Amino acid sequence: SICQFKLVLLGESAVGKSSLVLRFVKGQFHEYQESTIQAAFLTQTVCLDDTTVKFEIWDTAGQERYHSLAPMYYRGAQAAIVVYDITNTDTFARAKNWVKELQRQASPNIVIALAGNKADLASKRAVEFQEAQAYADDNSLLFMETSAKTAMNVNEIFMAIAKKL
């Protein structure tokens, strides 16, 4: 059996979208990753209990000037990962508005995950785990804290999404 899933990453600029995709797909992390100006397309293939799973992944430009283009990438998506930065409350608020947009405008069957990224920066935390967990539970979102830098929960969040599709 082979399954293929269409996935999109959304979120404020600098939260770590490209770093997360790069860690999952290439096992790489770049401390000096440049801001995305044009959406990038990547694939990874994994094994999941009796199935070979291929991911098709859109890594969007997070800056607000590219907002109007986002539906090109999420309208056909089966799953989305909305990413925020645990060290910045404003990015968590922005993530909630991405979630709201998906709920109103993307497929009614979309699986929405929420990633609290940069969790390795524990001494710089702004958003408490419990607050994000409660928001996720209330809105039916698949929530994990992640680190592209250390790889913490990077494999885990993509695999959890695949299990639910």
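In case it trips you up, residue 1 is the first one in the sequence shown, and so on.
In this crystal structure, the stretch out of 9-17 and 138-146 whose C-alpha atoms carry the higher mean B factor is 138-146. The stretch with the higher mean CA B factor, choosing between 101-109 and 45-53, is 45-53. As recorded in the PDB entry, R65 shows the highest C-alpha B-factor of the residues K124, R65, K118, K96. Annotation for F129: C-alpha temperature factor in the middle third relative to the rest of the modelled chain, per the entry.
When the CA B factors of the chain's modelled residues are split into thirds, the value for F29 lands in the lowest one. Sorting the modelled residues of the chain by their CA temperature factor places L114 in the lowest third.
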